[PDB]
Amino acid sequence: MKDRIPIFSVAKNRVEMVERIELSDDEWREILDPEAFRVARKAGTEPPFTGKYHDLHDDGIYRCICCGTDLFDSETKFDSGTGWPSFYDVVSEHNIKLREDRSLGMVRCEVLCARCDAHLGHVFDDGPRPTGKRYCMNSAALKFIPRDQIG
Ligand SMILES: [Zn+2]
């Protein structure tokens, strides 16, 4: 749908609107990343793995390599302990979208990319109060970038 999407760099106190994903297949090899192009054929990885590490810190944000848009301010990530693609709050419903359900017996909302509803995952009420929701998302989308353009 020909909408445009806000991107609120909440933790950086910025707001930048960008268009929706409207390209042709030809764009997706010259305006994409030198990782998005390959990820575009392999849904992340041709081999089932390519290493075993996770050596990071709370800097950077997530950037959906599957449409080119950035989102989660990394306080809305984990890193230490397990760094999992699961979290307990969000940047905003700006480049991510939810629909509520009760699909565990409490609160199970879907979690999809509001510019590319490819897979991602869902959120489930499952953590300690107050931020006791538990988002988890599972796709190739999960590249990082520096927080915005500070690098
Ligand atoms: Zn996306």
# chains A, B, ... in the order shown; residues from 1 in each chain; ligands from 1
call {"tool": "closest_atom_pairs", "arguments": {"of": "chain A", "to": "ligand 1", "cutoff": "8 Å", "atoms": "only C-alpha atoms and all ligand atoms", "output": "JSON lines"}}
result
{"residue": "A:63", "atom": "CA", "partner": "ligand 1", "partner_atom_place_in_ligand_line": "1 (Zn)", "distance": 7.6}
{"residue": "A:64", "atom": "CA", "partner": "ligand 1", "partner_atom_place_in_ligand_line": "1 (Zn)", "distance": 4.4}
{"residue": "A:65", "atom": "CA", "partner": "ligand 1", "partner_atom_place_in_ligand_line": "1 (Zn)", "distance": 6.8}
{"residue": "A:66", "atom": "CA", "partner": "ligand 1", "partner_atom_place_in_ligand_line": "1 (Zn)", "distance": 5.4}
{"residue": "A:67", "atom": "CA", "partner": "ligand 1", "partner_atom_place_in_ligand_line": "1 (Zn)", "distance": 4.4}
{"residue": "A:68", "atom": "CA", "partner": "ligand 1", "partner_atom_place_in_ligand_line": "1 (Zn)", "distance": 6.4}
{"residue": "A:69", "atom": "CA", "partner": "ligand 1", "partner_atom_place_in_ligand_line": "1 (Zn)", "distance": 5.5}
{"residue": "A:70", "atom": "CA", "partner": "ligand 1", "partner_atom_place_in_ligand_line": "1 (Zn)", "distance": 7.6}
{"residue": "A:95", "atom": "CA", "partner": "ligand 1", "partner_atom_place_in_ligand_line": "1 (Zn)", "distance": 6.5}
{"residue": "A:96", "atom": "CA", "partner": "ligand 1", "partner_atom_place_in_ligand_line": "1 (Zn)", "distance": 7.6}
{"residue": "A:113", "atom": "CA", "partner": "ligand 1", "partner_atom_place_in_ligand_line": "1 (Zn)", "distance": 5.0}
{"residue": "A:114", "atom": "CA", "partner": "ligand 1", "partner_atom_place_in_ligand_line": "1 (Zn)", "distance": 6.9}
{"residue": "A:115", "atom": "CA", "partner": "ligand 1", "partner_atom_place_in_ligand_line": "1 (Zn)", "distance": 5.2}
{"residue": "A:116", "atom": "CA", "partner": "ligand 1", "partner_atom_place_in_ligand_line": "1 (Zn)", "distance": 4.9}
{"residue": "A:117", "atom": "CA", "partner": "ligand 1", "partner_atom_place_in_ligand_line": "1 (Zn)", "distance": 7.4}
{"residue": "A:141", "atom": "CA", "partner": "ligand 1", "partner_atom_place_in_ligand_line": "1 (Zn)", "distance": 6.8}
call {"tool": "write_last_selection", "arguments": {"atoms": "C-alpha atoms", "output": "PDB file, in the first residue's frame"}}
result
ATOM      1  CA  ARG A  63      17.801  -2.364  10.573  1.00  0.00           C
ATOM      2  CA  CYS A  64      15.391  -4.506   8.545  1.00  0.00           C
ATOM      3  CA  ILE A  65      17.714  -5.678   5.741  1.00  0.00           C
ATOM      4  CA  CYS A  66      14.525  -7.048   4.086  1.00  0.00           C
ATOM      5  CA  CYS A  67      13.289  -3.502   3.232  1.00  0.00           C
ATOM      6  CA  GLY A  68      16.122  -1.077   4.196  1.00  0.00           C
ATOM      7  CA  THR A  69      14.304   0.560   7.192  1.00  0.00           C
ATOM      8  CA  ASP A  70      15.715   0.972  10.746  1.00  0.00           C
ATOM      9  CA  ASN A  95       8.105   0.218  10.993  1.00  0.00           C
ATOM     10  CA  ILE A  96       6.631  -2.679  13.087  1.00  0.00           C
ATOM     11  CA  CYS A 113       7.242  -5.300   9.763  1.00  0.00           C
ATOM     12  CA  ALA A 114       4.788  -2.444   8.925  1.00  0.00           C
ATOM     13  CA  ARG A 115       6.714  -1.992   5.597  1.00  0.00           C
ATOM     14  CA  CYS A 116       7.371  -5.722   4.796  1.00  0.00           C
ATOM     15  CA  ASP A 117       5.175  -8.265   6.729  1.00  0.00           C
ATOM     16  CA  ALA A 141      15.693  -8.933   8.625  1.00  0.00           C
TER      17      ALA A 141
END
call {"tool": "select_by_dssp", "arguments": {"residues": "chain A", "states": "helix (DSSP H, G or I)", "output": "PyMOL selection string"}}
result
chain A and resi 10-12+27-29+36-42+74-76
call {"tool": "write_last_selection", "arguments": {"atoms": "C-alpha atoms", "output": "JSON list (two decimals), in the first residue's frame"}}
result
[["chain", "number", "residue", "atom", "x", "y", "z"],
["A", 10, "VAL", "CA", 13.09, 7.74, 19.85],
["A", 11, "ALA", "CA", 16.29, 7.30, 21.90],
["A", 12, "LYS", "CA", 18.08, 9.87, 19.67],
["A", 27, "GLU", "CA", 16.19, -1.59, -7.52],
["A", 28, "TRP", "CA", 16.77, -4.50, -5.08],
["A", 29, "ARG", "CA", 20.31, -4.99, -6.47],
["A", 36, "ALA", "CA", 20.78, -7.50, 1.49],
["A", 37, "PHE", "CA", 21.40, -8.54, -2.13],
["A", 38, "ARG", "CA", 22.76, -11.95, -1.12],
["A", 39, "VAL", "CA", 20.24, -12.30, 1.79],
["A", 40, "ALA", "CA", 17.62, -11.67, -0.92],
["A", 41, "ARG", "CA", 18.43, -15.13, -2.45],
["A", 42, "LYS", "CA", 19.26, -17.04, 0.76],
["A", 74, "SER", "CA", 18.89, -1.24, 21.44],
["A", 75, "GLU", "CA", 17.58, -0.67, 25.03],
["A", 76, "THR", "CA", 14.56, -2.46, 23.40]]
call {"tool": "atom_distance", "arguments": {"atom1": "CA of residue 50 (chain A)", "atom2": "CA of residue 111 (chain A)"}}
result
27.0 Å
call {"tool": "atom_distance", "arguments": {"atom1": "CA of residue 138 (chain A)", "atom2": "CA of residue 99 (chain A)"}}
result
17.1 Å
call {"tool": "select_by_dssp", "arguments": {"residues": "region 13-149 of chain A", "states": "strand (DSSP E or B)", "output": "JSON, numbers by chain"}}
result
{"A": [16, 17, 18, 19, 61, 62, 63, 64, 69, 70, 71, 72, 73, 86, 87, 96, 97, 102, 108, 109, 110, 111, 112, 113, 121, 122, 123, 124, 125, 133, 134, 135, 136, 137, 142, 143, 144, 145]}
call {"tool": "residues_around", "arguments": {"residues": "residue 9 (chain A)", "least_positions_apart": "5", "cutoff": "10 Å", "atoms": "only C-alpha atoms", "output": "NGL selection string"}}
result
:A and (14-16 or 61 or 70-73 or 91-92 or 147-148)
call {"tool": "closest_residue", "arguments": {"among": "A:89, A:25, A:112, A:54", "to": "residue 129 (chain A)", "atoms": "only C-alpha atoms"}}
result
A:89
call {"tool": "atom_distance", "arguments": {"atom1": "CA of residue 2 (chain A)", "atom2": "CA of residue 20 (chain A)"}}
result
6.4 Å
call {"tool": "closest_residue", "arguments": {"among": "A:87, A:8, A:62, A:78", "to": "residue 135 (chain A)", "atoms": "only C-alpha atoms"}}
result
A:87
call {"tool": "closest_residue", "arguments": {"among": "A:1, A:145, A:136, A:123", "to": "residue 77 (chain A)", "atoms": "only C-alpha atoms"}}
result
A:136
